[PDB]
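Undergrad: When you get a sec, could you give me coordinates for this:
(2 chains)
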Amino acid sequence: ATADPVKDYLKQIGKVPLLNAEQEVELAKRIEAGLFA
DNA sequence: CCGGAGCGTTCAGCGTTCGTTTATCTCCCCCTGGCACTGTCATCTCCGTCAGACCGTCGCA
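TA: Numbering: from 1, shown residues only, chains lettered A, B, ... in the order given. Pasting the structure now:
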C-alpha cells in the first residue's frame, strides 16, 4: 500500500506462471468441462 | 291611396374548403457486437523555496 497504485497493481500481478500451448489448452478443456458441469 | 317593385337585411337547405391528425416511407444518428500467425510490464519525475515550527515516528540508550 504505497503511492502510485499502478506500481502496486503490477507487483500484485506478481510471479504468476505464464501458459504455454499445452497448459493453455488443458485450462481451456477444464473451462469447458466446468461450464458443462 | 294602398300596391307593387326595388331594395336592405337576415336566415335555413345542401356544397366545398380548412385546421389539425395519422400511419408509412427515406435518410440519418447511435449503441452493441466482430474481427482469429504471434504480438504478456510504462513513465518520467525531483534538485540552487524557506523558515521554523508542530508533530509523530523510530532506533539507540
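
Undergrad: where's the residue sitting nearest the centre point of chain A, which helix or strand?
TA: In chain A, the residue lying closest to the centroid (C-alpha atoms, centre = their mean) is residue A:16, at 6.6 Å. Using DSSP states H and E, residue A:16 sits within no helix or strand.

Undergrad: measure it to residue A:23 for me?
TA: Distance from residue A:16 to residue A:23, counting by C-beta to C-beta, to the nearest Å: 12 Å. C-beta here means a position set from N, CA and C on the backbone, and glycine is covered the same way.

Undergrad: next one: residue A:3
TA: For residue A:3, the distance to residue A:23 - C-beta to C-beta - is 36 Å.

Undergrad: Compare those two (neighbour count), which wins?
TA: residue A:23 (11 against 6; other C-beta atoms under 10 Å).

Undergrad: Name all residues that make contact with the more buried one.
TA: residue A:17 (C-beta atoms under 8 Å, 6 or more residues apart in numbering).

Undergrad: any idea which helix or strand carries it?
TA: helix A:21-36.

Undergrad: buried set for that helix?
TA: By 16 or more other C-beta atoms under 10 Å, helix A:21-36 has no buried positions at all.

Undergrad: Find out how far it is from the centre of the chain, if you would.
TA: Put simply, helix A:21-36 sits 13 Å off its chain's centre (C-alpha atoms, centre = their mean, to the nearest Å).

Undergrad: swap in stretch A:14-22?
TA: Taking mean C-alpha positions (C-alpha atoms, centre = their mean), stretch A:14-22 and its chain are 7 Å apart.

Undergrad: Tell me how many other residues crowd residue A:10.
TA: Going by other C-beta under 10 Å, the residues that sit close to residue A:10 add up to 10.
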